[PDB]
Each structure stands twice: as structure tokens, then as C-alpha cells.
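1. Begin with these chain(s), straight out of the complex:
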Amino acid sequence: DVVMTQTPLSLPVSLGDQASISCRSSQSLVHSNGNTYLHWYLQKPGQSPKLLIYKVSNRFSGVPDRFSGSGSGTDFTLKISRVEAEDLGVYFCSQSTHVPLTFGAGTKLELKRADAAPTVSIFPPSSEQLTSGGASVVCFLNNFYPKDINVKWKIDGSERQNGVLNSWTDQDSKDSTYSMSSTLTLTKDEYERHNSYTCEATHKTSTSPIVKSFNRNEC
């Protein structure tokens, strides 16, 4: 019932940058006897949470000499010093001064890489899927950065859609870049009454959209 606000929810960092992840409670945590049960946790992807620092500054048994807790009452700060790769995942603050235990939304330390223009590809529905009674025009926007990306769909020009399923990958160790796939699931009938299918990727490395499109009445 205290709401642990974390600042910020995403945090791009070069691997020798100082990082700072900031938490803030809706009430004062200075217990009436005990004192400031504000705790920070680390959870690497595909894994359980790990205890880092307890009661703002008291590090836990293992936590490298790079973790620095501090703060008073409603303001708290987790400061990792030189961001080693081992540390990338989500950082949580928790409170256990009041029942119930409330955690923050979690802050994700992402990794810095320069800007990248995505490779867009539009694909038409395989005869094989048509034969079931639905259609999916998949659009793959591949290897971009940053993850600020917007896809728009155009059927015969007519603006937008509402049968879209976007899904992002996490950071692709290698080019280091996110990938994303806009699926558009129509009905056989609808498909067959509409000609041109457009994917329009809106990205920071272009003021002009990356447009990829195909033409139903062909292959």
C-alpha cells in the first residue's frame, strides 16, 4: 500500500558508466523501532531475485564493492559504480516496514550501442494458412536501436489497423540490437477484398518512414 516508485524504468549504460537507479515511497519508511527497511534486489533474466543491499546501505553477503545504497525516509538511491556486464537485468526496491511488502516496478539496465536503421520485411500469407480461413501479413523490423519504434499498417491505403501483434526481443548480445515483429491477422474473406499491404516503420534514424509493402493480387 506504499507504492515504490522507481526512476527510471529503462537505463541505457556503457559498461564502465556509473549507473543510478532511484526509488521513492509514498510513506516514510523510518520504522518506529528498527529503521528504514528499504531493500534492493537484482534478478538476471531467466532467474530468481538476489538480495543486494538491505536497510538502505547494508550490503548483503556477496555484493561486490560497487553497490552503493543511501537515502533517507522517502528518497532512496541505488548506485552501481562501474557497470560490469554481470549486472544487467532488473533492479527492484522493496519495503517491509508496513504490511504488505511492496516492491518497485523494476529498472532494467540496458546496454549502449550506437543508432541503427532496421531492416523491414513484409511477408504475405502462405497458401497453406489461407486454406484454414485466416491471413497473416507478418512484418519483421530487424536489428534496430534504440527500442523507440512505431509500426503502422496500411490496407489499401486505409489507415491503421487493430489486428496487430507486436513483440520485441530483449537485447541481442552480438549486434546488441532489438528486433520486432508486427503480425496482422485478417479473415480469408477480408484478405481477398483488399489489395495492398503496407508496413511503415517510424524510427529515429529516419525522418522518412521505412516503407515495405506487397501486392496481394500477385504471388
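-> Right, received. Where do you want to start? Numbering: from 1, shown residues only, chains lettered A, B, ... in the order given.

2. quick one: the helices in chain A?
-> A:127-130, A:188-191 (DSSP state H).

3. could I get the ones you listed as TSV with mean neighbour count?
-> From N, CA and C alone the C-beta is placed, and that goes for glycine too. Below are the helices of chain A laid out as TSV (neighbours: other Cβ atoms under 10 Å):
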stretch	mean neighbour count
helix A:127-130	11
helix A:188-191	15
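
4. For stretch A:169-184, buried residues please.
-> Buried residues in stretch A:169-184, counted by 16 or more other Cβ atoms under 10 Å: A:171, A:177, A:178, A:179, A:180, A:181, A:182, A:183, A:184.

5. now swap in stretch A:190-208 and tell me
-> The neighbour-count check on stretch A:190-208 (16+ other Cβ under 10 Å) flags A:191, A:194, A:197, A:198, A:199, A:200, A:201, A:203 as buried.

6. Stretch A:11-18 too?
-> Neighbour-count burial for stretch A:11-18 [16+ other Cβ under 10 Å]: A:11, A:12, A:13.

7. can you check stretch A:52-72 too?
-> A:52, A:53, A:54, A:56, A:59, A:63, A:67, A:69, A:71.

8. What are the contacting residues of that stretch?
-> When contacts are defined by Cβ atoms under 8 Å, 6 or more residues apart in numbering, stretch A:52-72 is touched by residues A:23, A:35-42, A:50-51, A:76-82, A:84.

9. how about residue A:17, what does it touch?
-> By Cβ under 8 Å, 6+ apart, the contact set of residue A:17 is A:82, A:83, A:112.

10. Check residue A:89 too.
-> Contacts of residue A:89 (Cβ under 8 Å, 6+ apart): A:42, A:43, A:44, A:45, A:47, A:108, A:109.

11. can you add chain B next? sequence is:
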Amino acid sequence: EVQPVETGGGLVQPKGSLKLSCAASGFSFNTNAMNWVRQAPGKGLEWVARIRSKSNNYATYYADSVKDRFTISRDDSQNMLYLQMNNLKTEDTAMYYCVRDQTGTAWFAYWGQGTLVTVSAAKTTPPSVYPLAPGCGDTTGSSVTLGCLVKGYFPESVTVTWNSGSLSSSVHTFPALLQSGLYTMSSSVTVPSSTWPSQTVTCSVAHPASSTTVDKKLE
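-> One more piece, chain B, placed on the ones above:
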């Protein structure tokens, strides 16, 4: 690790029940408070329950959200922790962690690997995999994306393997999303244009629940 270890996670139809177990070998299990914390695949951490120990007459605590649905029990004899989750709801669907207080420093310290509780009435559907391939155009540059759409399965996971004999691929494995009851997913591969379509690409989609293995030659 010292480990807390948990089981009896599964697929329950709504209003069902599970007896989740947790196993903590440690110095003085006998003396610490034992916790249960869910993490629904949708966002964050929410504490479900907690039980004190013998001294504190096994004082049992619960989050408003699970009260009366769940019972937390402990059996020091065998270092066992339990959670009777009755009359479930879809919103219970989460990863269940076993959490052991570290009496001497702070509480909510040690968390095991977790486990899965899937609440949904949907049955065990196979996957319909369909191959995405350019359309007309053929090879538009040096490399070219290929793909597989895996539409319509329950539950959670499929494994998509690619057959691209040595070919300089970059396979993005995309997370599945829920889609009108069953999940959908997609995977992309990029090939050398000076090998497509001579070289036979294939995607290999297995589904554990229901021992299915569909192969789709990309042509």
C-alpha cells in the same frame, strides 16, 4: 546454493487446486520465517503469503488478493513449506517463488528458482506453423529474411530450430503473445541470396505438451 526448491507447479483449469511444495536445506530452517511471492508473467512482484515459526505460534500472513483462497503451512520435521491454493483464478497464473528470511540480518533474503502455475481453461492445442517467404521479388540484396509463423498453441512453450546448412543466419527468437485464447510466435532467419533457394531452409517447431514436431521447408 543453499537453495529453496519448489514443485507441484502446473496447468490447472480455473477453480482448481495445487499443493505447491518448497524445500529449504539450511543451518536453522527451524527458526526462520518462510515466504511465498508470486510474479505474474505480466509485470512485477506481489507477496502472497508468509508464516512465522513455532515460537511465534506460526503466525500466518496473507495479501488481500489471495486471502481465503490460500493456506500456507510448514513442516519443520522435513524442512517443508506448502501453499494450498484453492478456488484459483486466471489472474493467479504466475511464477511462484519460495522465500526464506535470513534471521540475523534481514528478511526476504533467499529466493529459489521459482516455478509455474498456469490457470486457463484452454486445452492443449498443437501449433500451426506456416512459412513466411518473400513472395515475388526473389533476392533483393546480399542477404534475405526467411521466417516461420507458429500460430495457435497452448501451453506456454515451443522450440524453433532452423535448418540453414551453415548459412550465415541471424535467428531472432521472438516471445509468444496471447492471441484470442492461444499463443502465437514467430522466428526469423536471414540467408545469403547467393544460396537461396538452392539451399533448403527449414524451421523445426516441437511442442512438449502433445509431442508434435512439424518441419516446414521454406520455399
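
12. and the buried residues of stretch A:52-72, now that chain B is in?
-> Buried residues in stretch A:52-72, counted by 16 or more other Cβ atoms under 10 Å in any protein chain shown: A:52, A:53, A:54, A:55, A:56, A:59, A:60, A:63, A:67, A:69, A:71.

13. Stretch A:145-155 now?
-> Within stretch A:145-155, the residues scored as buried using 16+ other Cβ under 10 Å are A:145, A:146, A:149, A:151, A:152, A:153, A:154, A:155.

14. Now those in TSV, please, with extra columns for distance to residue A:166.
-> Shown next, in TSV, are the buried residues of stretch A:145-155 (distance: Cβ to Cβ, whole Å):
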residue	distance to residue A:166
A:145	17
A:146	16
A:149	9
A:151	6
A:152	11
A:153	11
A:154	16
A:155	17
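
15. Report the beta-bridge partner residues of the residue in chain A positioned nearest to chain B.
-> Closest contact between chain A and chain B, by Cβ to the nearest Cβ, is at residue A:123 (3.6 Å). Bridge pairing for residue A:123 (DSSP bridges) gives the partners residue A:138.

16. quick one: contacts for the closest residue to chain A within chain B?
-> Closest to chain A within chain B is residue B:132: 3.6 Å, counting by Cβ to the nearest Cβ. Counting by Cβ atoms under 8 Å, 6 or more residues apart in numbering or on different chains, residue B:132 makes contact with A:123, A:126, A:138, B:146, B:147, B:148, B:149, B:186.

17. Now do the contacts for the second one.
-> Spelled out, it's residue A:126. By Cβ under 8 Å, 6+ apart, the residues touching residue A:126 are B:130, B:131, B:132, B:133.

18. Pull out the buried residues from the contacts of residue B:132.
-> If we count by 16+ other Cβ under 10 Å, those have these buried: A:123, A:126, A:138, B:146, B:147, B:148, B:149, B:186.

19. Domain boundaries for chain B, per the record?
-> The record, using curated CATH domains to delimit domains, assigns chain B the ranges B:1-121, B:122-219.
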